[PDB]
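Report on the following structure.
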Ligand SMILES: Nc1ncnc2c1ncn2[C@@H]1O[C@H](COP(=O)(O)OP(=O)(O)OP(=O)(O)O)[C@@H](O)[C@H]1O
Ligand SMILES: Nc1ncnc2c1ncn2[C@@H]1O[C@H](COP(=O)(O)OP(=O)(O)OP(=O)(O)O)[C@@H](O)[C@H]1O
Ligand SMILES: [Mg+2]
Ligand SMILES: [Mg+2]
C-alpha cells in the first residue's frame, strides 16, 4: 500500500536550533513522519526532518537530522510518505550505515531487499523468553561476581576514561569473533576514530570479509553529528538487530556505545521543543524514552539479542537521572570506579556495587554461587574495616581482623587481570581465564591455602597457576638479593 | 553627541529599574539621563541606560533612590556616558560615582571630564617588557615583588595594619616613582571611610593646605547597587587619565573587589537575568574582564592595582574568588599571628606569591 | 601496474611517471615537497622511484627556496625523507638513495657524517663506492691539516667555575 | 562582508544578544548566517543569526562593536555563513575570530561550520609530534592528528608547555622539507591581553611566527567572539589538513569558551543544566574537537593535532566540563599543583597522564628508550635507606625531567639513554643538570684530547636524523655512543664532581649554588 | 579533614545552584502559562 500523505507539501514556519516547525495546508502528516527539504538553499547535503509533535491541525514540530544551516522560512518541504526506514537483511552485513541508513563506507550500493521503519512496537508479554544461561567472557571479575546471561541486557557504568571502551573491546574480541550468530555495533555519540579502529580490527580479523561473507553491521552517529541523528542511530541499529532476531531467528549481539548520549541528545532537543525541564535539567520524558528503547532490546521466542551497553556517568555522579534510570533496564550491571583505576587495578569494577540476575543456584553451579557469595562477604567486611584502618592503623585491629584484611587485599589484587586489548597500556600479554579455573582459584584462596604466597603475586595475572609462577619468580629474585647481601659480609 | 539634551519620559518604575520612553529614539546604551523633576526629592536622580526594550523604550538603573518618582516624568539625556572630573585638581578630594565632591570643601574646578566606560588598551599598546615596581618595602621588593600594570591580591582583614600598608604604598610610589594614587571604596562601611580619610589627613598624604597625593572615590553600602557597580570604574578612569595624559606609574586601590562583584550580581538580578552557578550573574567573567583589562602597563604609563580580596565562606573555589584569581599577578597575605609577634608589616613570606619571580624578568 | 590498495582496501593510483617528470623540473628542492604533497592528495602515493627522484632534486638544487632559510640542511631533508619512506610507508631505500646521501655528505664537506653513511651503506648495501670514500677521506684530511677537525671552543680548557653556562 | 538587502531593524539589545524585527515584506534571513548592523553611515557590526521566529523576529548574537549597536538601526543580510581568510598569507599575524587583523606594537576563505571527517576518512596516527619535554615525549607519546588534553590548576604551566611545544617546531621546520613542517595556530580564549602580548613576543623571539598564527579573544571582548574563537582557529588549521600538511591548533582555553557559551545561553533564558551549564555544552566541544583528525592516505594524509587546555579547582578532575573534555580527547597531560610548587616543573603528573592513541606514533628510538623507563618509574613510585638500582635510576630520571625550554630530540634521547644504562649512578642527584649541560653543550673528550669516536659527537646536530632512523641501539651508532658516554662520565667524575665535593668556603658554596641554578635553567 | 571540607564546599555550592535553578524553573513555568490577551486600545489613533 501507499501512504495517503506522501508528497504532501509544507512550508517552513519557524527555525530554532535543530527544531523546525513545518506548516501543511492540507494537514500535518502523522507524527514520526520523515520530511525532505526540496529548496536547494545552497546547502552541501540534503536536509531531512522527523515530526515529533503536532502544534495544531496544520503545523508540526520536527527535528532535523543534519545541520540546519542556510535554512530560510517558507522553504518547501515534501513528505516521504512514512517514517525513517533503514535497510535490513544479509545485504547489510559488513557495511557501515548512518542514522538515515545510507552506506558511508564508499563501497557499492547496498541493494537491500526491503527496509523497515526505525520506530516499532516492543515485544509483548506472550513473546518473552524464559531461557537462562551463562555467557563466559574470560574475565575473572565478571565471570565470578556478576556473570552475564546469554540473551540478556548488560550495562557498563563509568565516568570519563575509566575503561568502559576497553572492556567493550575485550568482550568483542572474546565473544563476537567466536560467535555463531550476527553482531551489530551501534556507535552513539562516541569518537569517530574509535569507529575507524573497530572497522580496521574487524577487517583484519576477517570478521568483515568484504570479499566474502561478513557477520557484523556498523551503524555510527558520532559526537560531531547533530542531536537529531544521535537520538535515532540507536533506533536504526536496534531495528536491524530486531530484523535479524525475528525474520531469521538468529542470535545477535548488540554492542551500544554510548547509550548515555542518546538520553543527552533527547534532552538537548527537548530543551528546544519548549518543555519544562525535570531535575538536573533532563527532559520530563527521560524514563519513557529509555523504556521504549530498552523494551525493544530483549530476547523473544523467535530469537535472542545479547546487548552490551556502555553508560556514561557525568561528573562521576552515579545518582544522575540518566544512569540512575538505566539500572532497572539491565540484567547485569558493571559499575566502574575512578578511585579503583587510580590504584592500578584494571578493570576498575566495584564488585560491591555490581549485581547480576543469574546469580542464582538454580542457574549457575552451586560451587560458583557459594564462592561468589563468600568473596562478596569478604570484600564487604574488608570495606567496613578500612574505615577503622584509615584512621588509626592496621596494628589497631584484632588478630583475626588482620587475617581478613590480608585475604581481602589478596582478593582485590587477584581480581585485576591484563586484557589482550590493553597490552600497550599494561605492557603484558593478556590472559583469558576459564570459568572453572576462576572458581577453583578463588575457592582455594578463600580457604587460606595461599596465605604464604606474597600479596603482589596476585596482581595482574590470570588463574592460580599464573599466581604461583609469579610467586616463584619473585621468590627467585628475593633469594638472589639475599645471596648478594649475604656475600657482601 | 547627536543625543545631547534629548527628551524622554518615564514609562515604568519597579524598584531601582526605571524604563524611559523617548519619542526620538533611545540614546546609546550606558548613557546617563537626568530626571529634571526634583519635585520633592532631596537629591538629584540620574539613570543609566543598560538595555533597549524597543526602538523607543529603554531600561535603566537608578543611581539613587527612586522615591517620589511618577510615570511620564521628564528626563533629559546628558549627551553620553557618566562623566567624571580628571586632572590634578582632584587630588586630596572625595568623589562619588557621578564625580561630585562630597567633602564639602569647595568647587573642584576641573578643566576636563572623561566618560566612565572606556575600552581597554589595545594589544598594540601593551608594554614591551615586564618591569618591577619598587615599593620601598623590603619584604615586598624581595619575596613578592610587584610588576608595573599588575594586580596584587591583598588578603587579611582588619587588625593587621592593612590601612598603614596602603598609606605607606601611597607615600612610597609618589616618593620614588612620582606617581599618584586613587582609592576606590566599593561597598565600604561609611565609618571605615571616615576613619581612612582622617588617617590620610593625619599622615599628610592628603594635605588640605599643601599638595595631596591620593584621590578618594567612595561608593558606600547605603547607596543602591547601581552606584557600587560603577564607583570602581570611576576611580579607574581617574587613574587612566594620569596614566595616559601624564605618563605616570599610578596606583589603584580597590576595597574590596568582592563588593564590586556583589554589586554587579545584584544589578543583574534586578534586570531579571538568570543567575549562573552559585548565583552570580552570568556575565561574571565579562564584568571582571572589562575592569581588570583596563588595569595594565601601556607604552605611556602604568597602573598597578592593589585589590583587597575577600573569600566568601572561606571557600577558595567559589566562583567570585576563583574568577578574581585569574587576573591577579601577585598575592600579599596578612596574618594576625605575625602581627602579634611584633613583626610589621605583618606579611607571611611563605604564604605570598608572585609571577615575576623569574630570572627572565627580575635580575 | 599491479593493483594496489590502502589500509581500507580502496584501490590506489599507481601511475607515478608524470609526477617524477614534474619533480625533474624543479629548481629549488622545497618545490619537490609540494609535488609529493600533491601526489598524496591525488591518491597516488610515492614509490621508491619517486623518493629517489626527490633525493636527486635535493642534491642538485641550489637551496631550499629562492630566499635563504636560517638553517638550510640538505642532509636533514634527505634523512627525513628516508625516515618517512622507511617507517611511514614500508619501503626499504635502495643503494641509489644511500649513494645520493653520501654524495651530498661529501659535497657539503661534512666528512664526519660520511663515515656513518659509509658504514650504513656497507651494512645495508653490498659496499660503498671508493670514489665517495676517497673524497670523504680527502675532506677529513684537509680539515685535520688546518686544525678544523673540531670546533675551536670545544678544545678550550674550562674548570669547575670557568664554564660559562650562559 | 558583502551585503545584499535590508532584512529588518534592531529592536532589543540585552547585553551581547539582540533581536531584530522584520522589514516590510519580510525578506527573510538564512539561518546561522552573518548579518551586518549599520551602526554608522560607513561602519558595520557583525552579528550571527541563531533563531528565526514565526512572527518574523530574528535572534542575533552580536560579535563586535556592541557598544555602538542601538535599536532602530538597519540590518543587512550577507546570505552566507561566516568565512575567514586562510592560507600562508595569515601566518605570523594576530587575528580575531572574525578574521580581522589585530595591530601589533612594533586569498582563500574557510567556512567555520564544516563537518568533521567521516569514519573511512581517517587513519591511525603514525607520525609523532615532539613537544621537546623528556617526560611527555617518553611517557606520553603524542601523534599528529591526536587530541591531547592539558589539565591542571591555575598557574601550573598549561600555557607554557603548549607555547614551548609550538616553539620546539622551529628548528625542525627549518631543516626538513616544508611538507612535513608543523604549522601552529595558538587560539587564546578569554585570556588577558598582556598575556597575549607576552606570548607573541616570546614566539617572535624564537622566530616561530613564520610557522604560527595567533587568534586572540581577550576577556574584555564579548562572549560571541570568545564562543566562536576556537571554531575559527580550527578552520584556519583545517586549510593545511585538506592539503596533505599538518597543524598544531591549540585552544587556551576551552573552560572560558564554556563560560562564554553558558553566558550566551542564560541571556537567552534556556534551561540550565548541571552547574548551570547548557545541556548542549558537551556538543559545543564535541563539534570542535572532532574536526581535528588524521586524514586517510586517500585524502592526502593531513593532520590537525589539538591541545585543548582545561583548568581545574583544587586538583578536582570530576568537574562537569573537565570530565566532558576528558570524554572527547585521546589523552591528558595532568599538571599537579603540588609538584609545580615543589620546584618540580613542568610538573607533569605522569601517574595520571596517559596517551590512548599516541603509542603507535612514537618514534622507534624513543620507543626503544622509553620501554624500560616505564618500568623503572613504576617501580620507583611504589618504592616511595636501601637504594637499589631502580631507585637510583628513577631519581636521576626525575632530576632530568626538570626543564624550562624544549630540548632538541638528540640531546634528550641521548641523556635518557645515558641515565637508563647507569652512567649517572655515580653522579649525585644535585649535579645531574650540570652533567647534562656538559654532555650536551661542552665536550670533555675534545677538551682533554682523549676522544676516539669518528663521527658521534654531541656538537654534530646532524646526527639527530641518523639516530631517529634506526635506533640508539643499532650496531652503527651503539659502539661510539657507549665510548663517548663512558669517556664523558669518567672525565666528569675525575674532574668536576671531585672538586665539587671539596667545596667548604662560603663564597665557593654560593658560587656552586649559582652554577647549579644556571644549569638547571639551561639544559 | 581536608577531604571533608572540600566535599562540604562542593556540596553547598551544588545545593545553592540546584535550589536556584528549581526556583527559576518554577518561575519560567508560571510565566509561560500566562497568555497576552487582546489589547483594547485605539489602534487607528496612531
Ligand atoms: N583494562 C585496562 N587495562 C589497562 N588500562 C586500561 C584498561 N581500561 C582502561 N585503561 C586505561 O584507561 C584509558 C581510558 O580507557 P577507555 O578508552 O576505556 O575509556 P572510557 O571508559 O571509554 O571513557 P571515555 O570514552 O568517556 O573517554 C585507556 O586509554 C587506558 O590507558
Ligand atoms: N617548565 C617551567 N620551568 C620554569 N618555569 C616555568 C615552567 N613552566 C611554567 N613556568 C613559569 O610558571 C609560571 C606560570 O606558567 P604559565 O603562565 O604557563 O601557567 P598557566 O597554566 O598558563 O597559568 P594561567 O592560568 O595564569 O594562564 C610562569 O611564570 C612561567 O614562566
Ligand atoms: Mg569510550
Ligand atoms: Mg596561561
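Residue numbers (PDB author numbering), protein chains in the order written: chain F1, 26 to 514; chain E1, 28 to 390; chain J1, 23 to 188; chain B1, 46 to 151, 161 to 438, 446 to 584; chain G1, 256 to 301. Every residue, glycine too, gets a C-beta built ideally from N, C-alpha and C.
Residues of its chain near residue i, where Cβ-Cβ distance is below 8 Å and the 5 sequence neighbours each way are ignored
i: residue 499 (chain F1); result: 479, 481, 482
i: residue 154 (chain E1); result: 175, 176, 323, 324, 325, 326, 329
i: residue 93 (chain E1); result: 40, 42, 43, 45, 72
i: residue 72 (chain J1); result: 38, 41, 42, 45, 58, 61
i: residue 148 (chain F1); result: 320, 321, 323, 325
i: residue 78 (chain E1); result: 56, 85, 86, 298
Coarse secondary structure for residue i, derived from DSSP in three states
i: residue 78 (chain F1); result: strand
i: residue 79 (chain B1); result: strand
i: residue 140 (chain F1); result: strand
i: residue 372 (chain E1); result: coil
i: residue 215 (chain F1); result: coil
i: residue 65 (chain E1); result: coil
i: residue 193 (chain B1); result: helix
i: residue 327 (chain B1); result: coil
i: residue 202 (chain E1); result: helix
i: residue 251 (chain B1); result: helix
i: residue 238 (chain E1); result: coil
i: residue 76 (chain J1); result: helix
i: residue 50 (chain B1); result: strand
Neighbourhood of residue i by C-beta distance below 6 Å, restricted to the same chain and skipping five residues each side
i: residue 471 (chain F1); result: 399
Member of the options whose CA lies at the smallest distance from the CA of residue i
i: residue 98 (chain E1); options: 130 (chain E1), 37 (chain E1), 148 (chain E1); result: 37 (chain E1)
i: residue 55 (chain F1); options: 72 (chain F1), 86 (chain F1), 462 (chain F1); result: 86 (chain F1)
i: residue 120 (chain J1); options: 110 (chain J1), 136 (chain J1), 109 (chain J1), 131 (chain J1); result: 136 (chain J1)
i: residue 273 (chain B1); options: 106 (chain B1), 252 (chain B1), 247 (chain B1); result: 247 (chain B1)
i: residue 99 (chain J1); options: 25 (chain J1), 53 (chain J1), 172 (chain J1), 157 (chain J1); result: 53 (chain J1)
i: residue 58 (chain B1); options: 76 (chain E1), 45 (chain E1), 48 (chain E1); result: 76 (chain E1)
i: residue 123 (chain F1); options: 556 (chain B1), 172 (chain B1), 306 (chain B1); result: 172 (chain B1)
i: residue 269 (chain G1); options: 369 (chain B1), 79 (chain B1), 327 (chain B1); result: 327 (chain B1)
i: residue 300 (chain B1); options: 329 (chain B1), 182 (chain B1), 323 (chain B1), 221 (chain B1); result: 182 (chain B1)
i: residue 449 (chain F1); options: 140 (chain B1), 398 (chain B1), 241 (chain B1), 424 (chain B1); result: 424 (chain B1)
i: residue 307 (chain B1); options: 318 (chain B1), 49 (chain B1), 339 (chain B1); result: 339 (chain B1)
Contacts around residue i, its chain only, beta-carbon distance under 7 Å, and the 5 residues preceding and following it disregarded
i: residue 262 (chain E1); result: 209, 211, 244, 279
i: residue 480 (chain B1); result: 454, 457, 458, 461
i: residue 388 (chain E1); result: 157
i: residue 204 (chain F1); result: 278
Around ligand 4, Cβ to any heavy atom closer than 7 Å, ordered along the chain = 212 (chain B1), 213 (chain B1), 245 (chain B1), 249 (chain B1), 306 (chain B1)
Give, in chain order, every unbroken run of the beta strand (DSSP E) that is at least 3 residues long and sits entirely within the stretch 313-394 of chain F1.
-> 330-337, 357-360
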